[PDB]
């Protein structure tokens, strides 16, 4: 009758991931890399990508890494919500559109996948990507 339910996951990226197909980490030149979000202000255009690598058990019973995925989070949100903009950390890269305000984006926050689908991550036409990334 009463089907169990856990605490909600409220911490997902609003956007789909950028999959790393090659050997190069994600990186963006200064001023590039913030995904398109038409429901945001110029003040809002700042955050980080965080690498996540999924592992699966192969046929041999041994663990294999899949292609790394890089997920975008607005500044002050997500798994590294505490970090100030530009805090270097392995697996983190920082991006900001010129004019963004260096303040946490609590008014955007993160996504509950049970309630909202991810937005396809789109970048402005002309954005530079490293080899191994496509958008």
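Positions refer to the first chain, counted from 1.
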Looking at the entry, does 66-74 or 106-114 show the higher mean C-alpha B-factor? 106-114
Averaging the C-alpha B factors as listed in the entry, name the stretch that ends up higher: 49-57 or 88-96. 49-57
Using only modelled residues of the chain, where does the Cα B factor of residue 125 rank: lowest third, middle third or highest third? middle
Sorting the chain's modelled residues by C-alpha B-factor and splitting them into thirds places residue 11 in the highest
